[PDB]
$ cat query17.tsv   # TSV, C-alpha atoms and all ligand atoms
chain	number	residue	atom	x	y	z
A	270	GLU	CA	0.00	0.00	0.00
A	271	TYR	CA	2.94	2.34	0.62
A	272	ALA	CA	4.25	1.73	-2.90
A	273	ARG	CA	0.82	2.22	-4.56
A	274	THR	CA	0.49	5.47	-2.62
A	275	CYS	CA	3.83	6.94	-3.59
A	276	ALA	CA	3.17	6.08	-7.24
A	277	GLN	CA	-0.17	7.89	-7.18
A	278	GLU	CA	1.52	10.96	-5.68
A	279	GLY	CA	3.90	11.05	-8.65
A	280	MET	CA	6.99	8.88	-7.78
A	281	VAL	CA	7.02	5.37	-9.14
A	282	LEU	CA	9.56	3.13	-7.40
A	283	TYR	CA	11.16	0.06	-8.94
A	284	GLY	CA	12.59	-3.25	-7.82
A	285	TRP	CA	11.30	-3.05	-4.26
A	286	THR	CA	9.87	-6.59	-4.50
A	287	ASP	CA	13.19	-8.22	-5.44
A	288	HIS	CA	14.43	-8.42	-1.83
A	289	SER	CA	11.17	-7.79	0.06
A	290	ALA	CA	10.36	-11.54	-0.11
A	291	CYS	CA	6.66	-10.84	-0.78
A	292	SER	CA	5.44	-11.39	-4.34
A	293	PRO	CA	1.86	-10.18	-4.95
A	294	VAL	CA	-0.25	-13.07	-6.14
A	295	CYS	CA	-1.07	-13.41	-9.84
A	296	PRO	CA	-2.21	-16.29	-12.05
A	297	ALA	CA	-0.13	-18.93	-13.83
A	298	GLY	CA	2.53	-17.69	-16.23
A	299	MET	CA	2.40	-14.00	-15.29
A	300	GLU	CA	4.54	-12.42	-12.58
A	301	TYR	CA	4.29	-9.09	-10.79
A	302	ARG	CA	5.73	-6.37	-12.94
A	303	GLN	CA	5.73	-2.83	-11.68
A	304	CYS	CA	4.70	-0.11	-14.15
A	305	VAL	CA	3.35	-2.14	-17.04
A	306	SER	CA	1.18	-0.47	-19.66
A	307	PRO	CA	-2.53	-1.40	-19.63
A	308	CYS	CA	-2.72	-1.97	-23.42
A	309	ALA	CA	-0.52	-5.05	-23.58
A	310	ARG	CA	-0.33	-6.26	-27.17
A	311	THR	CA	-2.12	-9.62	-27.13
A	312	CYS	CA	-2.51	-12.29	-29.79
A	313	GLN	CA	-5.67	-10.89	-31.44
A	314	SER	CA	-4.94	-7.17	-31.25
A	315	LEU	CA	-4.56	-4.62	-34.03
A	316	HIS	CA	-1.13	-3.01	-34.32
A	317	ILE	CA	-2.41	0.47	-33.52
A	318	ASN	CA	0.27	2.54	-31.82
A	319	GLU	CA	0.45	6.02	-30.24
A	320	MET	CA	-3.17	5.71	-29.04
A	321	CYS	CA	-2.94	4.01	-25.61
A	322	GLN	CA	-1.09	6.93	-24.04
A	323	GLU	CA	-2.55	6.28	-20.59
A	324	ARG	CA	-0.66	6.47	-17.33
A	325	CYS	CA	1.62	3.60	-16.43
A	326	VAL	CA	0.01	1.00	-14.16
A	327	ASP	CA	1.21	-1.55	-11.63
A	328	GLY	CA	0.30	-5.17	-12.15
A	329	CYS	CA	1.37	-8.51	-13.54
A	330	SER	CA	1.89	-9.37	-17.19
A	331	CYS	CA	3.34	-12.13	-19.36
A	332	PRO	CA	7.04	-12.67	-20.14
A	333	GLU	CA	8.82	-10.66	-22.84
A	334	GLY	CA	7.28	-12.69	-25.65
A	335	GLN	CA	4.55	-15.10	-24.58
A	336	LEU	CA	1.46	-13.15	-25.64
A	337	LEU	CA	-1.96	-13.36	-24.00
A	338	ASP	CA	-4.77	-15.58	-25.29
A	339	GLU	CA	-7.86	-16.06	-23.10
A	340	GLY	CA	-6.28	-15.70	-19.68
A	341	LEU	CA	-2.91	-17.38	-20.11
A	342	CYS	CA	0.50	-16.74	-21.66
A	343	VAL	CA	1.51	-18.46	-24.90
A	344	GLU	CA	4.36	-17.88	-27.33
A	345	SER	CA	3.55	-15.83	-30.41
A	346	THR	CA	4.16	-18.80	-32.73
A	347	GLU	CA	1.13	-20.62	-31.27
A	348	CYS	CA	-1.24	-17.71	-31.94
A	349	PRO	CA	-4.59	-19.13	-33.13
A	350	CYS	CA	-7.06	-17.72	-35.63
A	351	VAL	CA	-10.75	-16.97	-35.10
A	352	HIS	CA	-13.80	-17.75	-37.22
B	106	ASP	CA	-29.26	-11.68	-9.47
B	107	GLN	CA	-28.35	-13.04	-12.92
B	108	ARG	CA	-24.67	-14.08	-13.17
B	109	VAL	CA	-23.04	-12.73	-16.34
B	110	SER	CA	-19.79	-13.42	-18.14
B	111	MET	CA	-16.86	-11.03	-18.39
B	112	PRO	CA	-15.94	-8.70	-20.19
B	113	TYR	CA	-19.08	-6.56	-20.08
B	114	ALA	CA	-19.82	-3.02	-21.23
B	115	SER	CA	-23.43	-2.06	-20.40
B	116	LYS	CA	-24.61	1.45	-19.49
B	117	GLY	CA	-21.30	3.29	-19.66
B	118	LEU	CA	-19.45	0.74	-17.50
B	119	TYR	CA	-16.68	-1.48	-18.86
B	120	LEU	CA	-16.06	-4.46	-16.59
B	121	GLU	CA	-12.70	-5.67	-17.86
B	122	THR	CA	-9.39	-7.13	-16.68
B	123	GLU	CA	-6.21	-5.02	-16.89
B	124	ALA	CA	-2.83	-6.51	-15.96
B	125	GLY	CA	-4.41	-9.54	-14.32
B	126	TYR	CA	-6.56	-7.23	-12.20
B	127	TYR	CA	-10.30	-6.77	-12.61
B	128	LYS	CA	-11.42	-3.24	-13.48
B	129	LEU	CA	-14.74	-1.40	-13.47
B	130	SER	CA	-14.39	1.89	-15.33
B	131	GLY	CA	-17.05	4.59	-15.24
B	132	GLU	CA	-15.17	7.52	-16.77
B	133	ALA	CA	-18.49	8.98	-17.91
B	134	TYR	CA	-19.57	8.96	-14.26
B	135	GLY	CA	-16.01	9.67	-13.14
B	136	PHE	CA	-14.54	6.67	-11.36
B	137	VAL	CA	-12.36	3.59	-11.78
B	138	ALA	CA	-12.58	0.62	-9.41
B	139	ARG	CA	-10.27	-2.40	-9.42
B	140	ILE	CA	-9.72	-5.43	-7.19
B	141	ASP	CA	-6.39	-7.25	-7.15
B	142	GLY	CA	-5.53	-10.92	-6.66
B	143	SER	CA	-5.26	-10.70	-2.87
B	144	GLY	CA	-8.75	-9.15	-2.77
B	145	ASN	CA	-7.75	-5.56	-2.02
B	146	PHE	CA	-10.15	-2.92	-3.31
B	147	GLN	CA	-9.23	0.40	-4.90
B	148	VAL	CA	-11.19	3.41	-6.16
B	149	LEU	CA	-9.86	6.22	-8.33
B	150	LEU	CA	-12.10	9.27	-8.44
B	151	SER	CA	-12.05	12.54	-10.33
B	152	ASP	CA	-11.45	16.08	-9.09
B	153	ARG	CA	-15.03	16.93	-10.05
B	154	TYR	CA	-16.03	15.58	-6.62
B	155	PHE	CA	-13.79	17.91	-4.57
B	156	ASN	CA	-15.09	18.42	-0.98
B	157	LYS	CA	-18.34	16.86	-2.34
B	158	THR	CA	-18.39	13.08	-1.80
B	159	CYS	CA	-18.50	11.61	1.66
B	160	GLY	CA	-18.52	8.01	2.80
B	161	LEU	CA	-16.27	5.34	4.22
B	162	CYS	CA	-13.41	6.77	2.10
B	163	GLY	CA	-14.33	10.26	3.48
B	164	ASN	CA	-14.46	13.51	1.58
B	165	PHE	CA	-12.02	14.86	-0.99
B	166	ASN	CA	-10.74	18.09	0.35
B	167	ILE	CA	-7.04	18.08	1.20
B	168	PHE	CA	-7.34	17.92	4.99
B	169	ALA	CA	-7.15	14.54	6.70
B	170	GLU	CA	-8.34	15.75	10.12
B	171	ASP	CA	-11.95	15.93	8.86
B	172	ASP	CA	-12.44	12.65	6.99
B	173	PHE	CA	-15.04	11.46	9.53
B	174	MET	CA	-18.06	13.55	8.51
B	175	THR	CA	-20.84	11.25	9.66
B	176	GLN	CA	-24.10	10.77	7.66
B	177	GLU	CA	-25.77	12.91	10.33
B	178	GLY	CA	-23.35	15.68	9.31
B	179	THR	CA	-21.13	15.63	12.41
B	180	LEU	CA	-17.47	14.98	13.16
B	181	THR	CA	-16.15	11.91	14.95
B	182	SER	CA	-13.06	10.33	16.50
B	183	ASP	CA	-14.01	6.66	16.73
B	184	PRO	CA	-13.68	5.08	13.26
B	185	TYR	CA	-16.58	2.71	13.94
B	186	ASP	CA	-19.51	4.91	14.95
B	187	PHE	CA	-18.46	6.85	11.85
C	862	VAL	CA	-15.62	5.85	-61.17
C	863	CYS	CA	-17.39	8.21	-58.80
C	864	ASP	CA	-16.71	9.14	-55.17
C	865	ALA	CA	-17.93	6.81	-52.44
C	866	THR	CA	-19.36	7.52	-49.03
C	867	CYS	CA	-19.64	5.69	-45.74
C	868	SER	CA	-22.48	6.43	-43.36
C	869	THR	CA	-23.57	5.68	-39.82
C	870	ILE	CA	-27.33	5.61	-40.36
C	871	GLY	CA	-28.55	6.06	-36.81
C	872	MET	CA	-26.99	4.45	-33.79
C	873	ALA	CA	-26.04	0.91	-34.90
C	874	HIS	CA	-25.95	0.60	-38.69
C	875	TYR	CA	-23.24	1.12	-41.28
C	876	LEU	CA	-23.38	1.64	-45.05
C	877	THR	CA	-20.20	0.60	-46.82
C	878	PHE	CA	-18.57	2.36	-49.76
C	879	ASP	CA	-19.72	-0.30	-52.22
C	880	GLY	CA	-23.15	-0.24	-50.55
C	881	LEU	CA	-24.02	-2.71	-47.82
C	882	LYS	CA	-26.20	-2.05	-44.81
C	883	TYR	CA	-25.55	-4.21	-41.79
C	884	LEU	CA	-26.40	-4.25	-38.11
C	885	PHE	CA	-23.52	-3.95	-35.65
C	886	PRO	CA	-24.33	-2.62	-32.17
C	887	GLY	CA	-21.19	-2.08	-30.13
C	888	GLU	CA	-19.84	-0.19	-27.15
C	889	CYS	CA	-16.07	-0.40	-27.76
C	890	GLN	CA	-13.87	1.67	-30.09
C	891	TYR	CA	-13.75	0.50	-33.69
C	892	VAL	CA	-11.82	1.15	-36.89
C	893	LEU	CA	-14.21	2.74	-39.37
C	894	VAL	CA	-11.72	3.12	-42.23
C	895	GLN	CA	-7.94	3.09	-42.59
C	896	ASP	CA	-5.30	2.93	-45.31
C	897	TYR	CA	-2.98	0.77	-43.16
C	898	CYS	CA	-4.23	-2.41	-44.80
C	899	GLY	CA	-2.03	-5.24	-46.07
C	900	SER	CA	0.97	-4.17	-48.14
C	901	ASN	CA	0.11	-0.46	-48.26
C	902	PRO	CA	2.42	2.15	-46.69
C	903	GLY	CA	-0.65	4.14	-45.75
C	904	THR	CA	-1.52	7.66	-44.65
C	905	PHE	CA	-4.55	7.79	-42.33
C	906	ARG	CA	-6.52	5.89	-39.73
C	907	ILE	CA	-10.08	6.94	-38.86
C	908	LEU	CA	-11.67	5.53	-35.71
C	909	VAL	CA	-15.12	5.68	-34.12
C	910	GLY	CA	-15.90	5.25	-30.44
C	911	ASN	CA	-19.40	4.71	-29.09
C	912	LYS	CA	-20.55	4.51	-25.48
C	913	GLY	CA	-23.86	3.18	-24.22
C	914	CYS	CA	-24.94	2.47	-27.80
C	915	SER	CA	-25.63	-1.27	-27.90
C	916	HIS	CA	-29.27	-0.20	-27.46
C	917	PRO	CA	-30.18	2.92	-29.51
C	918	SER	CA	-31.56	5.59	-27.19
C	919	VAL	CA	-31.04	9.16	-25.98
C	920	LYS	CA	-27.79	7.63	-24.69
C	921	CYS	CA	-25.17	6.76	-27.38
C	922	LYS	CA	-22.99	9.80	-27.87
C	923	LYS	CA	-20.34	9.05	-30.50
C	924	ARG	CA	-16.68	10.04	-30.34
C	925	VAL	CA	-14.48	10.13	-33.43
C	926	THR	CA	-10.70	10.28	-33.56
C	927	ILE	CA	-8.87	10.65	-36.87
C	928	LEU	CA	-5.12	10.12	-37.27
C	929	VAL	CA	-3.55	11.66	-40.38
C	930	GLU	CA	-0.15	13.26	-41.11
C	931	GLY	CA	0.82	12.77	-37.49
C	932	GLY	CA	-2.29	14.66	-36.43
C	933	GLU	CA	-4.93	13.92	-33.86
C	934	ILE	CA	-8.14	15.89	-34.33
C	935	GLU	CA	-11.10	14.44	-32.47
C	936	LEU	CA	-14.66	15.43	-31.78
C	937	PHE	CA	-17.57	14.95	-29.39
C	938	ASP	CA	-20.29	17.05	-27.78
C	939	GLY	CA	-21.00	18.94	-30.99
C	940	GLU	CA	-17.48	20.37	-31.22
C	941	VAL	CA	-14.17	19.62	-32.93
C	942	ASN	CA	-11.03	19.52	-30.78
C	943	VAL	CA	-7.50	19.27	-32.14
C	944	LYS	CA	-5.05	17.42	-29.89
C	945	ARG	CA	-1.96	17.31	-32.13
C	946	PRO	CA	-1.72	19.62	-35.18
C	947	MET	CA	-0.52	17.89	-38.32
C	948	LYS	CA	2.39	18.94	-40.50
C	949	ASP	CA	0.80	19.92	-43.81
C	950	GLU	CA	-1.72	22.37	-42.37
C	951	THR	CA	-2.47	23.58	-45.92
C	952	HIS	CA	-4.79	20.65	-46.60
C	953	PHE	CA	-6.51	20.99	-43.23
C	954	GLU	CA	-9.76	22.88	-43.64
C	955	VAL	CA	-12.96	23.12	-41.60
C	956	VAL	CA	-16.36	24.33	-42.79
C	957	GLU	CA	-19.12	24.84	-40.20
C	958	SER	CA	-22.15	25.20	-42.47
C	959	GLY	CA	-25.67	24.44	-41.31
C	960	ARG	CA	-26.40	21.34	-39.25
C	961	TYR	CA	-22.97	19.94	-40.15
C	962	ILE	CA	-19.25	20.06	-39.55
C	963	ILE	CA	-17.67	19.47	-42.95
C	964	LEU	CA	-14.02	18.64	-42.53
C	965	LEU	CA	-11.44	18.44	-45.31
C	966	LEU	CA	-8.14	16.64	-44.90
C	967	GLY	CA	-6.59	16.17	-48.33
C	968	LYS	CA	-7.18	15.97	-52.03
C	969	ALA	CA	-9.10	12.68	-51.57
C	970	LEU	CA	-10.44	12.62	-48.02
C	971	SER	CA	-13.27	14.36	-46.20
C	972	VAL	CA	-15.63	13.90	-43.27
C	973	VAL	CA	-19.21	15.08	-42.71
C	974	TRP	CA	-20.71	15.12	-39.22
C	975	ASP	CA	-24.13	16.26	-38.00
C	976	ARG	CA	-22.76	16.91	-34.47
C	977	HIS	CA	-24.73	13.96	-33.00
C	978	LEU	CA	-24.46	10.58	-34.77
C	979	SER	CA	-23.89	10.53	-38.55
C	980	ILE	CA	-20.37	9.92	-39.84
C	981	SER	CA	-19.94	10.17	-43.61
C	982	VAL	CA	-16.33	9.87	-44.71
C	983	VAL	CA	-15.91	10.54	-48.43
C	984	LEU	CA	-13.12	9.11	-50.59
C	985	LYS	CA	-12.10	9.34	-54.25
C	986	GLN	CA	-10.70	7.17	-57.05
C	987	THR	CA	-7.19	7.60	-55.60
C	988	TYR	CA	-7.57	4.75	-53.13
C	989	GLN	CA	-9.58	2.10	-54.99
C	990	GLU	CA	-8.88	-1.11	-53.00
C	991	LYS	CA	-6.37	0.46	-50.60
C	992	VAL	CA	-8.60	0.81	-47.49
C	993	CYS	CA	-10.35	-1.50	-45.03
C	994	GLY	CA	-12.41	-1.40	-41.87
C	995	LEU	CA	-16.10	-1.42	-41.05
C	996	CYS	CA	-16.74	0.47	-44.30
C	997	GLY	CA	-15.05	-2.14	-46.52
C	998	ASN	CA	-12.37	-1.80	-49.15
C	999	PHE	CA	-13.91	0.39	-51.89
C	1000	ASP	CA	-13.43	-1.97	-54.84
C	1001	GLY	CA	-16.91	-2.11	-56.39
C	1002	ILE	CA	-17.53	-5.63	-55.15
C	1003	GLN	CA	-20.22	-5.72	-52.48
C	1004	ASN	CA	-19.86	-9.38	-51.46
C	1005	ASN	CA	-16.37	-8.90	-49.95
C	1006	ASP	CA	-17.11	-5.99	-47.60
C	1007	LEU	CA	-17.13	-8.36	-44.61
C	1008	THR	CA	-13.48	-9.39	-45.01
C	1009	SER	CA	-12.30	-9.17	-41.41
C	1010	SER	CA	-8.92	-8.23	-39.95
C	1011	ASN	CA	-7.87	-11.89	-40.19
C	1012	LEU	CA	-8.39	-11.86	-44.00
C	1013	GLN	CA	-11.56	-13.91	-44.41
C	1014	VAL	CA	-15.23	-13.18	-45.01
C	1015	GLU	CA	-17.80	-13.75	-42.28
C	1016	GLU	CA	-21.46	-14.52	-42.87
C	1017	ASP	CA	-22.53	-12.70	-39.69
C	1018	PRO	CA	-21.83	-8.95	-39.26
C	1019	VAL	CA	-21.60	-9.13	-35.47
C	1020	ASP	CA	-18.45	-11.27	-35.77
C	1021	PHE	CA	-17.08	-8.91	-38.44
C	1022	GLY	CA	-17.09	-5.79	-36.28
C	1023	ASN	CA	-15.47	-7.41	-33.25
C	1024	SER	CA	-12.53	-8.10	-35.57
C	1025	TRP	CA	-12.07	-4.33	-35.92
C	1026	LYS	CA	-12.19	-3.30	-32.28
C	1027	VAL	CA	-9.18	-1.31	-31.14
C	1028	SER	CA	-8.79	-2.82	-27.66
C	1029	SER	CA	-8.66	-6.61	-27.71
C	1030	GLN	CA	-9.71	-6.80	-24.05
C	1031	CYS	CA	-13.05	-4.97	-24.17
C	1032	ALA	CA	-16.33	-6.83	-24.61
C	1033	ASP	CA	-17.39	-8.70	-27.71
C	1034	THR	CA	-20.93	-7.66	-28.51
C	1035	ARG	CA	-23.35	-10.57	-28.29
C	1036	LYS	CA	-25.19	-12.45	-31.04
C	1037	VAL	CA	-28.74	-11.18	-30.64
C	1038	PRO	CA	-31.40	-13.73	-31.70
C	1039	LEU	CA	-32.81	-12.36	-34.94
C	1040	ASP	CA	-36.24	-10.77	-34.48
C	1041	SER	CA	-38.13	-8.18	-36.50
C	1042	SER	CA	-39.39	-6.56	-33.25
C	1043	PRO	CA	-36.18	-5.31	-31.60
C	1044	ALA	CA	-36.68	-4.28	-27.89
C	1045	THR	CA	-39.92	-2.50	-27.04
C	1046	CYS	CA	-41.80	-3.36	-30.23
C	1047	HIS	CA	-41.41	-6.99	-29.07
C	1048	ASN	CA	-44.54	-7.53	-26.96
C	1049	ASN	CA	-46.38	-4.31	-27.93
C	1050	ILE	CA	-47.78	-4.84	-31.43
C	1051	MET	CA	-49.46	-1.43	-31.41
C	1052	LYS	CA	-46.23	0.48	-30.84
C	1053	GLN	CA	-44.82	-1.69	-33.65
C	1054	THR	CA	-47.58	-0.32	-35.89
C	1055	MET	CA	-47.35	3.30	-34.74
C	1056	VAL	CA	-43.62	3.25	-35.46
C	1057	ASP	CA	-44.15	1.81	-38.94
D	1101	LIG	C1	-15.96	22.27	0.99
D	1101	LIG	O1	-17.38	22.28	0.86
D	1101	LIG	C2	-18.06	22.75	2.03
D	1101	LIG	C3	-19.56	22.70	1.76
D	1101	LIG	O2	-20.28	23.27	2.86
D	1101	LIG	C4	-17.61	24.16	2.37
D	1101	LIG	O3	-18.22	24.58	3.59
D	1101	LIG	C5	-16.10	24.20	2.55
D	1101	LIG	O4	-15.68	25.55	2.77
D	1101	LIG	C6	-15.44	23.66	1.30
D	1101	LIG	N1	-14.00	23.65	1.48
D	1101	LIG	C7	-13.20	24.06	0.51
D	1101	LIG	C8	-12.22	25.14	0.89
D	1101	LIG	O5	-13.25	23.61	-0.62
D	1102	CA	CA	-11.07	15.45	4.63
D	1103	CA	CA	-15.83	-4.41	-51.30

$ encode --input "query17.tsv" --output "structure tokens"
Amino acid sequence: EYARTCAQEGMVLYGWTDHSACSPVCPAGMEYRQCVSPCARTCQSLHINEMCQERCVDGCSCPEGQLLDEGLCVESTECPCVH
Amino acid sequence: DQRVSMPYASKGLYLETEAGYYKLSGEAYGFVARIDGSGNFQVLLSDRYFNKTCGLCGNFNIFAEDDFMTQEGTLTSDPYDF
Amino acid sequence: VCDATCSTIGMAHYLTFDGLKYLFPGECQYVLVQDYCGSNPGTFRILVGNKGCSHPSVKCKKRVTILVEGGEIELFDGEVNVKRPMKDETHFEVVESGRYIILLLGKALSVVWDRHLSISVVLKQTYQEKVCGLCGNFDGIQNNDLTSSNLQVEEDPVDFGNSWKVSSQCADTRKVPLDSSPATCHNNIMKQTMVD
């Protein structure tokens, strides 16, 4: 709560969970980033840049690749199609 | 009473999931509410409601000494009878 | 070949360039027309954002953002608001005549807005199978206006439009069971006759 406060007051603070020995819980595959963007490019998204210029947000997201597809992380090669 | 799926967008409210965390945005009405994985609640609220709102999250002036304006309109010191 | 014209006839209907009315009620933000399609370098990207408009009512105010020449001019609440001026300001041109905001953006692009709901982007021969979106591709063929983002035709328009949403994590609008009596004309046959 102290971190989330100081971020809202206009000072984001990084890497405080590396040694704190308390990882905030998140589902399988994703781990707690700090300051991730809300418009994470997923597997069935349009490549539409310089539009999601919202504030940076705390939360958990997939690894560097490993895009999102219906509440899990999967590598971009295994992206499905939709019909 | 009817259980509905998610996402959901009715009536100016977008019930979504951002960054693993559930979100309920009401930017037309002027609020954003999200719950995290541990169950902790959070409410972001616009400056339109400055010293206007009151409730369990108090009012939105700057002073913290007067966040206990009861529903009767009086101050308090015990957090509970508030 | 003449100039073509999209349209947003009412709250939830769209008339393609080649001419195709279809029903798509949505509440997310959608690509109405863009030149960034396939192997094109591309120049512009027009979007349309509705809110509370899955059910047509005195709700459903539309917002429109248009992205051209590095610009960002958007509009809602009966007014036009620039957010980022574009480089070649010479082609930018606004005409506030009558019930409408006419809005010129180039030799072959234009927008016409009645300040409430109707969006009529006008294009010329210059493009001619270089665009795509909810308005189609402007090629003369009317049967291929439902080619989605994933490069196939759908038989159902409600699955076509959800291909063109801008945020992948907002809601997919639901398949409504097809009825001639939409919402309030359903049980009241008189109000279905007074409306006719
Ligand atoms: C906040 O609103 C109340 C309404 O009665 C007013 O009395 C008070 O002075 C306001 N405080 C400020 C300075 O905004
Ligand atoms: Ca206070
Ligand atoms: Ca066509």

$ residues_around --input "query17.tsv" --residues "residue 181 in chain B" --least-positions-apart "5" --cutoff "10 Å" --atoms "only C-alpha atoms" --output "count of residues only"
8

$ closest_residue --input "query17.tsv" --among "C:1007, C:884, C:873, C:929" --to "ligand CA 1103 (chain D)" --atoms "all atoms listed in the file"
C:1007

$ residues_near_ligand --input "query17.tsv" --ligand "ligand LIG 1101 (chain D)" --cutoff "8 Å" --atoms "all atoms listed in the file" --output "mmCIF file with C-alpha atoms, keeping the file's coordinate frame"
data_model
loop_
_atom_site.group_PDB
_atom_site.id
_atom_site.type_symbol
_atom_site.label_atom_id
_atom_site.label_comp_id
_atom_site.auth_asym_id
_atom_site.auth_seq_id
_atom_site.Cartn_x
_atom_site.Cartn_y
_atom_site.Cartn_z
ATOM 1 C CA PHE B 155 -13.790 17.910 -4.570
ATOM 2 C CA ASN B 156 -15.090 18.420 -0.980
ATOM 3 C CA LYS B 157 -18.340 16.860 -2.340
ATOM 4 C CA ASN B 166 -10.740 18.090 0.350
#

$ atom_distance --input "query17.tsv" --atom1 "CA of residue 1017 in chain C" --atom2 "CA of residue 875 in chain C"
13.9 Å

$ atom_distance --input "query17.tsv" --atom1 "CA of residue 890 in chain C" --atom2 "CA of residue 907 in chain C"
10.9 Å

$ residues_around --input "query17.tsv" --residues "range 985-992 of chain C" --least-positions-apart "2" --cutoff "8 Å" --atoms "only C-alpha atoms" --output "CSV table (one decimal) with C-alpha atoms, in the coordinates of the input"
chain,number,residue,atom,x,y,z
C,862,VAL,CA,-15.6,5.8,-61.2
C,863,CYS,CA,-17.4,8.2,-58.8
C,864,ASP,CA,-16.7,9.1,-55.2
C,865,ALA,CA,-17.9,6.8,-52.4
C,894,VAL,CA,-11.7,3.1,-42.2
C,895,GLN,CA,-7.9,3.1,-42.6
C,896,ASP,CA,-5.3,2.9,-45.3
C,897,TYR,CA,-3.0,0.8,-43.2
C,898,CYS,CA,-4.2,-2.4,-44.8
C,901,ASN,CA,0.1,-0.5,-48.3
C,969,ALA,CA,-9.1,12.7,-51.6
C,970,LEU,CA,-10.4,12.6,-48.0
C,983,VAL,CA,-15.9,10.5,-48.4
C,994,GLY,CA,-12.4,-1.4,-41.9
C,997,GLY,CA,-15.0,-2.1,-46.5
C,998,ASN,CA,-12.4,-1.8,-49.2
C,999,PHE,CA,-13.9,0.4,-51.9
C,1000,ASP,CA,-13.4,-2.0,-54.8

$ atom_distance --input "query17.tsv" --atom1 "CA of residue 879 in chain C" --atom2 "CA of residue 913 in chain C"
28.5 Å

$ interface_residues --input "query17.tsv" --of "chain C" --to "chain B" --cutoff "12 Å" --atoms "all atoms listed in the file" --output "list in words"
residues 886, 887, 888, 889, 890, 911, 912, 913, 914, 915, 916, 917, 918, 919, 920, 921, 922, 1028, 1029, 1030, 1031, 1032, 1033, 1034 and 1035 of chain C

$ write_last_selection --input "query17.tsv" --atoms "C-alpha atoms" --output "mmCIF file, in the coordinates of the input"
data_model
loop_
_atom_site.group_PDB
_atom_site.id
_atom_site.type_symbol
_atom_site.label_atom_id
_atom_site.label_comp_id
_atom_site.auth_asym_id
_atom_site.auth_seq_id
_atom_site.Cartn_x
_atom_site.Cartn_y
_atom_site.Cartn_z
ATOM 1 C CA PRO C 886 -24.330 -2.620 -32.170
ATOM 2 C CA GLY C 887 -21.190 -2.080 -30.130
ATOM 3 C CA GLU C 888 -19.840 -0.190 -27.150
ATOM 4 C CA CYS C 889 -16.070 -0.400 -27.760
ATOM 5 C CA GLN C 890 -13.870 1.670 -30.090
ATOM 6 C CA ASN C 911 -19.400 4.710 -29.090
ATOM 7 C CA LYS C 912 -20.550 4.510 -25.480
ATOM 8 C CA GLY C 913 -23.860 3.180 -24.220
ATOM 9 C CA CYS C 914 -24.940 2.470 -27.800
ATOM 10 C CA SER C 915 -25.630 -1.270 -27.900
ATOM 11 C CA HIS C 916 -29.270 -0.200 -27.460
ATOM 12 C CA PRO C 917 -30.180 2.920 -29.510
ATOM 13 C CA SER C 918 -31.560 5.590 -27.190
ATOM 14 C CA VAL C 919 -31.040 9.160 -25.980
ATOM 15 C CA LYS C 920 -27.790 7.630 -24.690
ATOM 16 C CA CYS C 921 -25.170 6.760 -27.380
ATOM 17 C CA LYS C 922 -22.990 9.800 -27.870
ATOM 18 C CA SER C 1028 -8.790 -2.820 -27.660
ATOM 19 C CA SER C 1029 -8.660 -6.610 -27.710
ATOM 20 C CA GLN C 1030 -9.710 -6.800 -24.050
ATOM 21 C CA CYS C 1031 -13.050 -4.970 -24.170
ATOM 22 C CA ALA C 1032 -16.330 -6.830 -24.610
ATOM 23 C CA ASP C 1033 -17.390 -8.700 -27.710
ATOM 24 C CA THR C 1034 -20.930 -7.660 -28.510
ATOM 25 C CA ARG C 1035 -23.350 -10.570 -28.290
#

$ residues_around --input "query17.tsv" --residues "residue 943 in chain C" --least-positions-apart "2" --cutoff "8 Å" --atoms "all atoms listed in the file" --output "PyMOL selection string"
chain C and resi 933-935+941+945-946

$ closest_atom_pairs --input "query17.tsv" --of "chain A" --to "chain B" --cutoff "12 Å" --atoms "only C-alpha atoms" --output "tab-separated table"
residue	atom	partner	partner_atom	distance
A:270	CA	B:145	CA	9.7
A:273	CA	B:147	CA	10.2
A:274	CA	B:147	CA	11.2
A:277	CA	B:149	CA	9.9
A:292	CA	B:143	CA	10.8
A:293	CA	B:143	CA	7.4
A:294	CA	B:142	CA	5.7
A:295	CA	B:142	CA	6.0
A:296	CA	B:125	CA	7.5
A:297	CA	B:125	CA	10.3
A:298	CA	B:125	CA	10.9
A:299	CA	B:125	CA	8.2
A:300	CA	B:125	CA	9.6
A:301	CA	B:124	CA	9.2
A:302	CA	B:124	CA	9.1
A:303	CA	B:124	CA	10.3
A:304	CA	B:124	CA	10.0
A:305	CA	B:124	CA	7.6
A:306	CA	B:124	CA	8.1
A:307	CA	B:123	CA	5.8
A:308	CA	B:123	CA	8.0
A:309	CA	B:124	CA	8.1
A:310	CA	B:124	CA	11.5
A:311	CA	B:124	CA	11.6
A:325	CA	B:124	CA	11.1
A:326	CA	B:124	CA	8.2
A:327	CA	B:124	CA	7.7
A:328	CA	B:124	CA	5.1
A:329	CA	B:124	CA	5.2
A:330	CA	B:124	CA	5.7
A:331	CA	B:124	CA	9.0
A:337	CA	B:124	CA	10.6
A:339	CA	B:122	CA	11.1
A:340	CA	B:125	CA	8.4
A:341	CA	B:125	CA	9.9
A:342	CA	B:125	CA	11.4

$ closest_residue --input "query17.tsv" --among "C:1045, C:951, C:1023, C:942" --to "chain A" --atoms "all atoms listed in the file"
C:1023

$ closest_atom_pairs --input "query17.tsv" --of "chain C" --to "chain A" --cutoff "10 Å" --atoms "all atoms listed in the file" --output "CSV"
residue,atom,partner,partner_atom,distance
C:892,CA,A:315,CA,9.7
C:897,CA,A:317,CA,9.7
C:906,CA,A:317,CA,9.2
C:926,CA,A:320,CA,9.9
C:928,CA,A:320,CA,9.5
C:931,CA,A:319,CA,9.9
C:933,CA,A:320,CA,9.7
C:1009,CA,A:352,CA,9.7
C:1010,CA,A:315,CA,8.2
C:1011,CA,A:350,CA,7.4
C:1013,CA,A:352,CA,8.5
C:1014,CA,A:352,CA,9.1
C:1015,CA,A:352,CA,7.6
C:1020,CA,A:352,CA,8.1
C:1021,CA,A:352,CA,9.5
C:1024,CA,A:313,CA,8.5
C:1025,CA,A:315,CA,7.7
C:1026,CA,A:315,CA,7.9
C:1027,CA,A:315,CA,6.4
C:1028,CA,A:314,CA,6.8
C:1029,CA,A:314,CA,5.2
C:1030,CA,A:308,CA,8.5
